[PDB]
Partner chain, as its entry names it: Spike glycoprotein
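First, one chain by itself in structure tokens, the form deposited without the partner chain.
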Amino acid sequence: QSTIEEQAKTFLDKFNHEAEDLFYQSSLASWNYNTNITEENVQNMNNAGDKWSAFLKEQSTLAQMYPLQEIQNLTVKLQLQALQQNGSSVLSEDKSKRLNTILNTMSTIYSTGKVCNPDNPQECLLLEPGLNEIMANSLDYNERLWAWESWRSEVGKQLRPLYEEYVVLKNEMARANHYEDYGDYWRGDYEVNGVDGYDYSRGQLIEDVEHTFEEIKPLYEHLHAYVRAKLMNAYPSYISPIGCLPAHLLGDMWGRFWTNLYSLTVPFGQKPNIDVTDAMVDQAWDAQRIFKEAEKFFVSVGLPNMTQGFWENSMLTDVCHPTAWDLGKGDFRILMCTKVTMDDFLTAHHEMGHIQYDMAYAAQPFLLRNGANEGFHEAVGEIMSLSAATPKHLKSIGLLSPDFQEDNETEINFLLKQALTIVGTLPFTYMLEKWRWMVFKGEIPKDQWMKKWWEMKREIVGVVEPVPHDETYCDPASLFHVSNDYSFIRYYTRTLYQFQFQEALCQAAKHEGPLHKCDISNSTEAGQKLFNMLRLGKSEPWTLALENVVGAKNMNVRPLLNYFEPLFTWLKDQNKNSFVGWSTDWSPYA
């Protein structure tokens, strides 16, 4: 309504038209390489990346002409906000060159990391598949210890001096962009300003993560105590009944998930879990049938069909990483090397959920065609596969016998398997990001980085290092996300969101019984509730968008606790002759 505002709208109109054209062309160079990996496609991809990133830098320069204080249209403010951020441009050419070198070196060290046999230096193992296979399937305490320790001494020790300089440079970049530090800079993804009743400060995220973690601690402690007792049978004499779990016995290289502990902890092993892969092959199912079933599921809640261009341009059979593509101009695609299995049946529902999200906000301005925050998109995908895997859903589409009844023990097995992945990762994810936040804040001195890392592992996660690690180690950087400069708290917020979504959708569907058996299929009221948030994209604060589905403005862990309540009740009875919780004093080496 003002001259600057009116000029701002005109600039964004030009930007949106140009961004759509160039992004679509860039996306095609991305689709072509990922489907046909050739040097010609690598080079066109490499050229498109520089064209796309240079264009955004120039538009960022043009966007500085429109001060935000004189803008009153929030939708205009939101796009100008994104375009005006300077990023690493605030650094001198020398420091940005140094930071890029450090960033590329850390990534290269992680991805080329290999450890070799001490008695045969020509025999070496990479993380994938070599060390990961040991960390998942080995019952040899010392072989697992060798894998866990060698990775941290070969890779993590290399990263340690680089990570120190990475922290200094990232904090410099963040402060010059008017943040307290790099951690504060990352927490800006959740920031909301200028919307009365919906604001969210960057410091508020720390409070809400800590408060919700407190509420999940009783469930995690009971899961931990049950897993500890089973691990004492699996690794006799190596685990204290009152102590933390040794870090190298958790089923992967870090204990990020406890998924691979299932066969060591399964409550009722004589009862097998549901696997309709045999039913799918016996019904002559193929990849087209799977995505047709997924399309019918979304249609049944009121959501639209897949576009005709989706079927003609998608690659649904044999870069096989399952992805959903939003190229713009009405072009939506799914890339999946689909097999006739229950897993790919569930993943197909997950990936089409991304597409449904993309199609709902397609009319938003270019930069607002995104999830409401970094946790929303994967939360939307996860709740789709939750409904599809329930026996109620599998019986409806005839992949399960009509007389099927899930019993006491199969339900406990499923919830425990779900908890090892979903609940097990929450203390891990919180503790890791808290350490980074404190390091960025300057609260952990360099000469105490590993001392505080393992103090926090012991206290927050109930996990203890099997051997002592001085400050020549950088154990956090031995995880991909840390050495490759990715924020981690999204895996925590996404997890809480997905159960908030599912509980609201299932209440709208008038579901009777425990949450984990709910199927939202054939519920147009559930789809309407969900679509009300999906259409918004990023055009409204995530607090408002969350309120459109669940009726509340903030992250809340009660729905997750409700989902696992039958397991929590069973665990309490199981643990009534065991210690619940841990002492941080015990260690394998003391």
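Residue numbers count along the first chain shown, from 1. In this text, the rigid core denotes the largest set of C-alpha atoms whose superposition between the two forms falls within 1.5 Å.
Colleague: With the rigid core as the fit anchor, does 473-481 or 377-385 show bigger C-alpha shifts in 5 other deposited structures of this protein?
Modeller: Evaluated in 5 other deposited structures of this protein, the stretch farther from the shown form is 377-385.
Colleague: Name the stretch that deviates more in 5 other deposited structures of this protein: 173-181, or 360-368? Use RMS CA distance to the shown form, core superposed.
Modeller: When 173-181 and 360-368 are compared in 5 other deposited structures of this protein, the bigger C-alpha shift is seen for 360-368.
Colleague: Relative to the deposited sequence, how many residues with no modelled coordinates occur between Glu128 and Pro129 (none, 1 to 3, 4 to 9, 10 or more)?
Modeller: The entry has no unmodelled residues between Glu128 and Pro129.
Colleague: Per the record, averaged over C-alpha atoms, which has the higher B-factor: 190-198 or 467-475?
Modeller: The deposited B-factors put 190-198 ahead on the C-alpha mean.
Colleague: Mean C-alpha B-factor higher for 556-564, or for 64-72?
Modeller: 64-72 has the higher mean C-alpha B-factor.
Colleague: So among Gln59, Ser539, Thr524, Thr543, who wins on Cα B-factor in the entry?
Modeller: Reading the PDB entry, the winner on C-alpha B-factor is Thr524.
Colleague: In the PDB entry, which of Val209, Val281, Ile242, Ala379 has its C-alpha at the highest B-factor?
Modeller: Comparing C-alpha B-factors across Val209, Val281, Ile242, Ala379, the maximum falls on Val281.
Colleague: Based on the entry's values, in what third of the chain does the Cα temperature factor of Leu22 lie: lowest, middle or highest?
Modeller: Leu22: CA B-factor falls in the highest third of its chain.
Colleague: Where does the C-alpha B-factor of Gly398 rank in its chain, lowest, middle or highest third?
Modeller: CA B-factor rank for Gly398: highest third.
Colleague: Please place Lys157 in the lowest, middle or highest third of its chain by C-alpha B factor as given in the entry.
Modeller: Its C-alpha B-factor belongs to the middle third of this chain's values.
Colleague: Quick one: classify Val299 as lowest, middle or highest third of the chain based on its Cα B-factor.
Modeller: For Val299, the deposited C-alpha B-factor lands in the highest third.
Colleague: Within this chain's modelled residues, let me know which third the CA B factor of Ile412 belongs to: lowest, middle or highest.
Modeller: Its C-alpha B-factor belongs to the middle third of this chain's values.
There is another form of this protein, the form solved in complex with the partner chain, and it is not shown here; the text below is about that form.
Colleague: Establish, in the bound PDB entry, whether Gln7, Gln25 and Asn313 all lie within 4.5 Å of the partner chain, using non-hydrogen atoms for the distance.
Modeller: Per the other structure, all of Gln7, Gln25 and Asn313 touch the partner chain.
Colleague: Pick the stretch from 444-452, 425-433, 216-224, 327-335 whose residues have a heavy atom within 4.5 Å of the partner chain in the bound PDB entry.
Modeller: In the other structure, the partner sits against 327-335.
Colleague: According to a 4.5 angstroms non-hydrogen atom cut-off, is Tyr66 in contact with the partner chain in the bound PDB entry?
Modeller: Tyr66: contacts the partner chain in the bound PDB entry.
Colleague: So, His17 and the partner chain: in the bound PDB entry, are they within 4.5 Å at any heavy atom pair?
Modeller: So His17 counts as contacting the partner chain.
Colleague: Do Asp573 and the partner chain share at least one heavy atom pair within 4.5 Å in the bound PDB entry?
Modeller: Outside the cut-off, so no.
Colleague: So in the bound PDB entry, is the partner chain close enough to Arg228 to count as touching (4.5 Å, heavy atoms)?
Modeller: Although the partner chain is absent here, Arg228 would stay clear of it in the bound PDB entry, with no heavy atoms inside 4.5 Å.
Colleague: Give me the residue from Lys417, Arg369, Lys457, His469 that has a heavy atom within 4.5 Å of the partner chain in the bound PDB entry.
Modeller: The option sitting close enough to the partner is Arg369.
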